[PDB]
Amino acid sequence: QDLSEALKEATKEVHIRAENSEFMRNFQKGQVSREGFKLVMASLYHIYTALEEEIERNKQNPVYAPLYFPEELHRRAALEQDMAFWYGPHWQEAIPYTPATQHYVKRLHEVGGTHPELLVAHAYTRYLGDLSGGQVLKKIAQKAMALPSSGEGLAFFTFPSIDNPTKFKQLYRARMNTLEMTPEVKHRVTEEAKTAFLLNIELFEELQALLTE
């Protein structure tokens, strides 16, 4: 079975659970406030910073290199622009770093440092979702919070180097199917992608609790 298919199949159930997290339900209904959106985007700042450090560390390693797409995909610079927008010029010392965020970062550094054959699972889980449900969320966010079509405060959701997300995802899936693959790597990559989904779910549960507290 091709990796791209194995990953879709492995993560389709936990996807359902993630897209139905209370924080995401509320977001999809349009009940997302500046407070909640700041907390999530700050958390993503730390998450993508770690992920993309680890991508940089492993950019020439063949277990990842075919998916090395900084210009098209990487989010840290976008998130920096969003953090300055939402939190102002001293955002670096204002932004929160929640425990669930720390836990996600920790696993990212474990994977990138010790299990880099699994890094594809973490890239898959975040980037392909940003090009899918993230595009739906971006539109809801604009409407709910009165964010301008010019893009300020939603740089994260904007991919100026991708003309067509549908086509890019197809290319990405096909490239995933070029990685060197054995039954062990395939089993473990799919497992790690389920873990990646759970780390996201836990983050959303945490952020919802922080907002409700």
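The first residue of the sequence shown is number 1, and the count goes up from there. The term rigid core refers to the maximal set of C-alpha atoms that superpose within 1.5 Å between the two forms.
- Here 152 to 160 and 26 to 34 are scored by the root mean square distance of their C-alpha atoms in 9 other deposited structures of this protein, with each structure fitted by the rigid core; the higher score goes to 26 to 34.
- Once the rigid core is used to overlay the structures in 9 other deposited structures of this protein, the stretch among 136 to 144 and 123 to 131 whose CA atoms lie farther from this form is 136 to 144.
- Look at the C-alpha B-factors of 27 to 35 and of 173 to 181. On average they run higher in 27 to 35.
- Stretches 90 to 98 and 67 to 75 differ in mean CA B factor, with 90 to 98 having the higher one.
- In the PDB entry, residue 57 places in the middle third of its chain by CA B-factor.
- When the modelled residues of the chain are ordered by C-alpha B-factor, residue 186 sits in the highest third.
- Per the deposited record, the Cα B-factor of residue 6 falls in the middle third when ranked against the other modelled residues of its chain.
- Compared with the other modelled residues of the chain, the Cα B-factor recorded for residue 103 ranks in the highest third.
- In the deposited entry, the Cα temperature factor of residue 158 sits in the middle third of values across the chain's modelled residues.
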